[PDB]
Amino acid sequence: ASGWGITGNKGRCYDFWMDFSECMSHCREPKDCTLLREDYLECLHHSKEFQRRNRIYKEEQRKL
Amino acid sequence: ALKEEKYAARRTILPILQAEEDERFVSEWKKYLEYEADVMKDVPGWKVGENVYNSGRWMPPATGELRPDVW
Amino acid sequence: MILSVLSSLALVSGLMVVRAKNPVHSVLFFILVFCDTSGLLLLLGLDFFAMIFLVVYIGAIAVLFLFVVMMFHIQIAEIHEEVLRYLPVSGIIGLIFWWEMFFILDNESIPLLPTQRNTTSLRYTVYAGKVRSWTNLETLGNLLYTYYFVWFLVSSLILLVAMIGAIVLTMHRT
Amino acid sequence: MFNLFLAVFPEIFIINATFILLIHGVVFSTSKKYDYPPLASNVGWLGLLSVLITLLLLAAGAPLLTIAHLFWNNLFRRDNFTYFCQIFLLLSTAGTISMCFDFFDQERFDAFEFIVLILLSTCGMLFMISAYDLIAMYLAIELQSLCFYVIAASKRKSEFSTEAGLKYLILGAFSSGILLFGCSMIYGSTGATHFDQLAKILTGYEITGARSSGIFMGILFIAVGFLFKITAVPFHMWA
Amino acid sequence: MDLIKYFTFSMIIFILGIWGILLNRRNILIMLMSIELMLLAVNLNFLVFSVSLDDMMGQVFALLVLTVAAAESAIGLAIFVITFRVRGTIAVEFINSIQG
Amino acid sequence: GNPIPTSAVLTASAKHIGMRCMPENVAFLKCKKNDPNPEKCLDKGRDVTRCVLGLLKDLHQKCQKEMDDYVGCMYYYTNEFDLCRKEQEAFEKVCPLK
Amino acid sequence: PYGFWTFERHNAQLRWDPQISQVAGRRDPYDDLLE
Amino acid sequence: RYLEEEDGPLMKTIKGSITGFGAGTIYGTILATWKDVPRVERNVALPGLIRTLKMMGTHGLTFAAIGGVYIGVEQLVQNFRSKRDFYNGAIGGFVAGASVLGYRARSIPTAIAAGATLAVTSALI
Amino acid sequence: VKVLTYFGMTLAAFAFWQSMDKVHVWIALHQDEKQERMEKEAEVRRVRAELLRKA
Amino acid sequence: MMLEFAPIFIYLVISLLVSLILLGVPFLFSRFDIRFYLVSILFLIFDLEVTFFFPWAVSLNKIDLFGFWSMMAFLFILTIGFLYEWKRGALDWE
Amino acid sequence: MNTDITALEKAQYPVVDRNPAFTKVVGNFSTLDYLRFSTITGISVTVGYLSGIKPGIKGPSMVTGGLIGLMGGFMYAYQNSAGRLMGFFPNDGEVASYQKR
Ligand SMILES: CCCCCCCCCCCCCCCCCC(=O)OC[C@H](COP(=O)([O-])OCC(O)COP(=O)([O-])OC[C@@H](COC(=O)CCCCCCCCCCCCCCCCC)OC(=O)CCCCCCCCCCCCCCCCC)OC(=O)CCCCCCCCCCCCCCCCC
Ligand SMILES: CCCCCCCCCCCCCCCCCC(=O)OC[C@H](COP(=O)([O-])OCC(O)COP(=O)([O-])OC[C@@H](COC(=O)CCCCCCCCCCCCCCCCC)OC(=O)CCCCCCCCCCCCCCCCC)OC(=O)CCCCCCCCCCCCCCCCC
Ligand SMILES: C[C@@H]1CC[C@@]2(OC1)O[C@H]1C[C@H]3[C@@H]4CC=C5C[C@@H](OCCC(CO[C@H]6O[C@H](CO)[C@@H](O[C@H]7O[C@H](CO)[C@@H](O)[C@H](O)[C@H]7O)[C@H](O)[C@H]6O)CO[C@H]6O[C@H](CO)[C@@H](O[C@H]7O[C@H](CO)[C@@H](O)[C@H](O)[C@H]7O)[C@H](O)[C@H]6O)CC[C@]5(C)[C@H]4CC[C@]3(C)[C@H]1[C@@H]2C
Ligand SMILES: CCCCCCCCCCCCCCCCCC(=O)O[C@@H](COC(=O)CCCCCCCCCCCCCCC)COP(=O)(O)OC[C@H](O)CO
């Protein structure tokens, strides 16, 4: 969230953070900002990306 | 001033290096998409190269190595 | 694999910290743990922190511990005890902590299984950030003294408290 | 630029006064000419004065404490709540100091450093009240805690006082480590330490099935540290 | 797998500190050493997260936590020294007079 | 024929490239600023590449020997300008920046 | 309250961060190439 | 508010005996670690471990007995009588407390106290 | 300890960490089944909530 | 880049081997002084001072006047502590 | 260093100068500011003298108390004057002087 990157440029996930914060700054229900929030958290941890790639690896191991 | 000379030199040749890298990555990504289409053939509900980000904005593929750039 | 080696060294050295009968030996093993930690930090690309862990943890803190423990001349009878009767209580507490706390990141940070395919070609290089790279040192120094200077100064206050307390509690002027 | 620091006038004053008293005490306590006078009561009166002036500066400058809030935002947050909390803290410190003079002169506790450590811990608690980030909160808590460790052991030839200090330092350090672990888990799970960012991330989800075990255990460890601090059972037996 | 491996390293250090508290009932110096081990593990947690998240906040706080660890060890060892000086021994049976 | 566009060749020619391919460079950088997706920038990249390779071939045609010496020294010293001043001056005297 | 995080006191970063958006250490790398 | 189960009174009693042996083993472990070792056992390791394990087993046994008899009598009361209330379970709490804790305490006074206590708890449930 | 004792403890620890690696691979491979179980239980809970709200 | 640290590791291994060879070839043919604790404490404090000096020294060109004066305030606090130690006799070994 | 004087709670009185310079604030000191300043300093000197008698350092104690009082009183007067110029405190005199010069 801070924006200070470890190599002296804008942090990797800072634009996602700022989109989420700007959404929540005027949407009275946080459920309206769910998509931007999960985009921010996906940028931090890559959970869904790695899960999908592991599904691909799983199917490869099944068909071999 | 010496450092600025080197740094300006890096700035003028940046676009051609980036364009080469972009072409390389696009070709590799097409090959990987064909690979995924083959492997996930006969897996119902799949979508080849689906963007996991809702915003759809482009991000480089995550690598699963904490600090690959320093080694 | 390399992280397996360093983690194994850290595990054994830490067990030696907590289980060596002689406290001087405990301080020396503690120093081995900090060396291994510095190795991990070098793997992360944080060379400033890797060096500072040597300078401060080993060069200053461990030296303080060693000076104090060596002049104490502790006899083993004063601190000896059998630990065989703790194996169960350490087993539950360790297991519960093990089952919960080694795997806490697994649901949030799912690992990428390494496949029989060269994913290295999918690494995208942005040369723009490489024209003028910043060291760990200068990235940290860009922030400590301007945008977060209050925390810096509060840390100075903490050190001042340490100095005053050290004098008031132990000083016997000749 | 100077006017930005109106938000921290109370703290600047008390810190500077504490430094002045430290120098005064050490210069004249070591004086052969004055025959090494005890300065605990003299420094105590001057420090009571300093606390009261700090209270005046803070109470009379209620709006000014919120000046330049964007510039100070990543360091602390001053509002109505922190205003009254800090006033009550200063009033309590002044009363506690006023109760100490008979102890200073009749026991002959001559250490003026006692007053300085009390004042520095008051500085720490002032910064605790206005903390709006896990890092700032931890630093202020640690400053406060280290001052208490030292003053708990002030009767350094007493078995009781040395025992108190030893138990306090060990159990305090343990609890602080637990709290810091919780803070690290929360940062790792959310990428944030500022209280506003944490509020935005955590609101609307609590435990929506897909709960961040990292966030849940960071909260738990931080709560354990807090409960130790308020002497709540089962983290009480130090008290 | 990098991030899980870096985290379990720091985690074993933290668990070792906990075990050192549990196994050292007659040795309070090692108890202090175990507390430092826990503090080191937390510091490592901040540095790893800083890299993983590409964020500098973990690094600033790590430096400040090192300052706190230093002050903590200094004051703790002073208190150890004065306790030893009063009693002539570090055995736990001579620091149990406050009770009830 | 066409020189291999290695790091040495590009670094040695960087001043000429900046003076000659400035519009293509700026256009590419603007498009990259708007969109980091490599696929959505290939055209500006082709414009940049064509400009640079044309200038490279031109400079090779004009001053072959001086270019060869400057490129060789630049490769020998890993593109350190200070250790290559003499041949830089010889290269710029025969192939002016303009 | 309903949407407390909407209250201006809680949107401090949304107003501060744009003021430091050109500060070295948090810029997009392409800003230096075009400026 | 309670429709997440599959029940089975025999399964209830068996699982209660297992949870009670779970909880008694942990409780005995904690009790054994809290206490000091006898002075004549400071230089020898094995008997301390043996005593800790014996305390673990004894407390697991007694807590399993309470945790089994409680649910067993509770279900054996709401099956023959065929009613659901806090009265069924208060009888079970009383019999479990009385029987087990008076066998261990070897005192009729204490059994009636333990049974009374265990009922008020199940009743407050 | 003996130097050889320290080396052997290090070897045992290395084996432990490789086993931990296998455990992490196992946990990763079962993400999909855990998600499926979570989804089925969520559907059951939602159906129960909707049905009980009907009254 | 961390590439340059690898020669250091190989250098350490070789230096260790030289040490073992040199040391192993001949096998073929209760008075606690508080002042040491005090000097350790002082070294710890000024060790952290140097630690905090390093990033500041490399960052002076970017932090400008604000960073300079913030470090000056840090040093002022630590130097007040040093004056306290000096007056109390912590720096006298007689 | 980017700066922003903007306060959370807006000024309730006319803003004569949003971010007044140090010397302007000092030159804005009124008679009441000087009264506050002098009172705080005098009380501090008195406390220094009285608390210094028993140790035997009443003079140096007066000096120390006076330094504390001088710094505190100046900070308080500056607080009041700057708050008046910024519109956070009642500032009839500042508004009157502003509408004329
Ligand atoms: C094919 C190649 C062949 C050629 C090469 C062969 C090379 C030789 C073999 C390598 C060396 C092995 C032999 C070691 C020396 C033995 C000779 C000797 O004289 O020893 C005297 C020794 C006397 O002790 P001492 O050194 O004189 O010190 C006396 C005082 O203690 C000194 O006082 P102190 O203050 O310094 O220390 C205090 C305290 C220090 O307290 C302690 O150190 C604690 C002792 C218990 C250690 C508990 C485990 C620690 C290791 C970590 C393992 C993972 C832990 C994970 C826990 C966290 C998870 C939540 O002292 C002690 O308690 C000493 C106890 C030593 C016992 C060590 C037992 C280690 C556990 C082995 C478990 C084996 C399981 C295998 C699978 C493991 C699961 C993966 O007695 C012994 O014989 C014990 C050592 C023999 C067993 C240890 C070595 C095990 C290695 C197994 C082989 C590796 C298998 C895995 C391979 C993986 C391949 C992929
Ligand atoms: C590509 C890589 C190629 C590598 C090739 C090399 C591979 C070597 C494999 C060796 C394993 C097989 C050994 C076969 C048997 C050998 C025959 C034999 O044992 O006779 C030897 C014989 C003693 O053997 P022993 O019969 O077993 O007696 C043991 C005790 O007496 C028993 O008495 P105790 O029961 O009362 O125990 C008291 C305690 C004494 O109390 C202690 O605390 C022990 C000292 C530990 C801490 C001391 C260092 C911290 C103090 C500060 C030092 C300065 C710090 C800064 C400078 C260094 C930092 C770079 O003794 C011990 O616990 C000894 C345990 C040793 C643990 C420490 C060594 C491991 C360090 C990590 C090595 C990493 C690489 C190897 C692993 C690679 C992955 C598997 O005499 C000698 O060892 C000669 C003395 C010269 C030793 C020099 C070693 C280096 C010292 C300077 C460096 C200090 C830092 C260490 C490196 C740090 C790296 C960053
Ligand atoms: C002053 C006093 C004295 C004492 C002291 O200070 C104090 O003295 C100080 C001196 C210190 C030592 C100094 C130096 C080191 C070396 C370091 O060790 C480097 C290890 C790193 C670098 O290793 C490679 O790095 C590059 C590859 O990465 C290589 O580049 C190639 O590859 C490029 C790309 O194609 C090409 O472009 C290039 O052209 C091509 O050359 C490069 O050559 C090579 O070096 C990290 O590497 C690993 O990391 C990987 C990621 O985790 C792991 O990947 C694995 O996991 C993945 C999934 O996660 C899977 O996908 C993978 O399949 C699967 O393999 C894998 O384990 C392994 O690669 C370990 C620490 C240590 C010992 C320090 C210890 C502490 C001290 C003794 C201090 C001590 C305290
Ligand atoms: C051993 C040496 C001891 C030295 C002791 C003397 C100096 C101690 C520090 C005193 C504070 C500053 C005194 C110097 C006055 C000159 C200040 C000045 O010149 O103004 C500059 C601004 O100076 C400052 O504002 C820095 C003030 C330093 C902070 C001192 C702390 C005061 C209170 C802080 C409150 C926080 C709570 C304290 C926690 C313990 C102008 O800079 P700029 O606005 O043009 O641009 C900023 C910069 O160039 C780019 O980054």
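Every residue number used here counts from 1 along the chain in the order it is shown.
Determined via electron microscopy, 2.1 Å.
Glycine is treated like the rest: Cβ placed from N, Cα and C.
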**OP:** Can you sort out which of F:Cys51, F:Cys63, F:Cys73 is the disulfide partner Swiss-Prot gives for F:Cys21?
**Re:** F:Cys51
Subject >> Selected from F:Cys84, F:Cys95: Swiss-Prot disulphide partner of F:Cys73 >> reply: F:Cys84
Subject >> Rounded Cα-Cα span from F:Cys31 (disulfide bond) to F:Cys84 (disulfide bond), Å >> reply: 35
Original post:
Against which stretches of its own chain does the motif 'Cx10C motif' (F:84-95) lie, if we need a Cβ under 8 Å and a gap of at least six residues from its ends?
Top reply: 12, 16, 59, 62-63, 66-67, 69-70, 73-74, 77
**OP:** Might you list, by sequence position, any residue in that chain lying six or more from F:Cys63 (disulfide bond) with a Cβ less than 8 Å away from its Cβ?
**Re:** F:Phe91, F:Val94, F:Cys95
Original post:
Taking only the disulfide-bonded residues F:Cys31, F:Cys41, F:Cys51, F:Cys63, F:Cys73, F:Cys84, which have a CB closer than 6 angstroms to any atom that belongs to ligand 3?
Top reply: none
Original post:
What Cα-Cα separation, expressed in whole Å, is found between F:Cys41 (disulfide bond) and F:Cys51 (disulfide bond)?
Top reply: 16
Original post:
How many Å lie between the Cα of F:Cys51 (disulfide bond) and the Cα of F:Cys31 (disulfide bond)?
Top reply: 17
Original post:
Reported as an integer number of Å, what is the Cα distance between F:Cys31 (disulfide bond) and F:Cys21 (disulfide bond)?
Top reply: 16
Subject >> Helix, strand and coil totals (DSSP H, G, I; E, B; other) for the motif 'Cx9C motif 1' (F:21-31) >> reply: 10 helix, 0 strand, 1 coil
Original post:
Taking each of the disulfide-bonded residues F:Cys21, F:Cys51 in turn and counting other Cβ atoms within 10 Å of its Cβ, which one has the fewest?
Top reply: F:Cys51
**OP:** Please spell out the DSSP helix, strand and coil residue counts for the domain 'CHCH 2' (F:60-98).
**Re:** 30 helix, 0 strand, 9 coil
Original post:
Which whole-number value in Å describes the distance between the Cα atoms of F:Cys21 (disulfide bond) and F:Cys73 (disulfide bond)?
Top reply: 24
